[PDB]
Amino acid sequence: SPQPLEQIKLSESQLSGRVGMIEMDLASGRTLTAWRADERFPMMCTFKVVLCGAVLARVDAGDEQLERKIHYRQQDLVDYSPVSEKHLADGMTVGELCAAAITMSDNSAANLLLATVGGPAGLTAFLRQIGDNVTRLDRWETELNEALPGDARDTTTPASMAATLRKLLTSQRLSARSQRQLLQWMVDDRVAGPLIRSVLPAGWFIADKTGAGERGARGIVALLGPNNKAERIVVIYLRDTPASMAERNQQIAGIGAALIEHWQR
């Protein structure tokens, strides 16, 4: 592998798309590697980590309970609802909805939770309240994945998303238990977690949320480190590439390979 920056460049030229990337020390917030870190990218499903952050802040404040059962109707469901479509009769707890959103990328679960936090405008207000003045959610699932060229809606930057994920996981803005829960939901990702582990060297920690949208948009926010520890936040977004899903996945994996190969840095 080339050095990470060189691999990222190669990825842009092979994908004919824009890559944005940041590697950040989880403990200190040190930015180690940055590429287009201040450019906008569609969040896609990665927004669901922030969403569950807002939910947990409500729980901490006594305005919400993870146990609270939410009942919903079929008319409420949107495209890709693998868990929520199974519980029309019996409902799902707020905590179950969070797990379905982060671990199983359930879109209707995400919308149900969005309802509880004041919708896209409420989640955006929450971002401002934790000092993220860049990330914005404007739409619900699934329109938020539209990824129109140049459209600022539903976007973040690698730098903002990394800083925000660090704030949610470690800054004591959330309670100890809530920080632990948000981390655990990312540890439990079923969409990409088990696949990533299958290709990581022994000893490497992974927790993640992945996202996918239109026009090539792909992304991952992750915690990664050797010695079974979450040492770094890695945020990678791709946009405006015509490439196959498989090659987008491979290119993201290649940037990861470069990070691992050149870790001691």
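All residue numbers refer to positions in the sequence shown, first residue = 1.
S.K.: What stretch has the higher average Cα B-factor here, 146-154 or 188-196?
M.R.: Comparing averages over the C-alpha atoms only gives 146-154.
S.K.: Just to confirm, going by the entry's C-alpha B-factors, which of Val19, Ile22, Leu10, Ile255 comes out highest?
M.R.: In the PDB entry, the greatest C-alpha B-factor among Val19, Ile22, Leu10, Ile255 is found at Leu10.
S.K.: Looking at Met161, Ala125, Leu168, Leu113, which one carries the largest C-alpha B-factor according to the PDB entry?
M.R.: Within the set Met161, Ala125, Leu168, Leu113, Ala125 shows the top C-alpha B-factor.
S.K.: For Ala27, does the deposited CA B-factor place it in the lowest, middle or highest third of the chain?
M.R.: It belongs to the highest third of the chain when residues are ordered by C-alpha B-factor.
S.K.: Is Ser81 in the lowest, middle or highest third of its chain when residues are ranked by C-alpha B-factor?
M.R.: Answer is highest: the recorded C-alpha B-factor places it there.
S.K.: Quick check for you: using the entry's CA B-factors within this chain, is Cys98 in the lowest, middle or highest third?
M.R.: Within its chain, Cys98 is a lowest-third residue by C-alpha B-factor, going by the deposited values.
S.K.: Relative to the other modelled residues in the chain, which third contains the C-alpha temperature factor of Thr33: lowest, middle or highest?
M.R.: Its C-alpha B-factor, which the entry lists for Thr33, ranks in the highest third among residues of this chain.
S.K.: Rank-wise, by C-alpha B-factor, drop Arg58 into the lowest, middle or highest third of its chain.
M.R.: Middle third.
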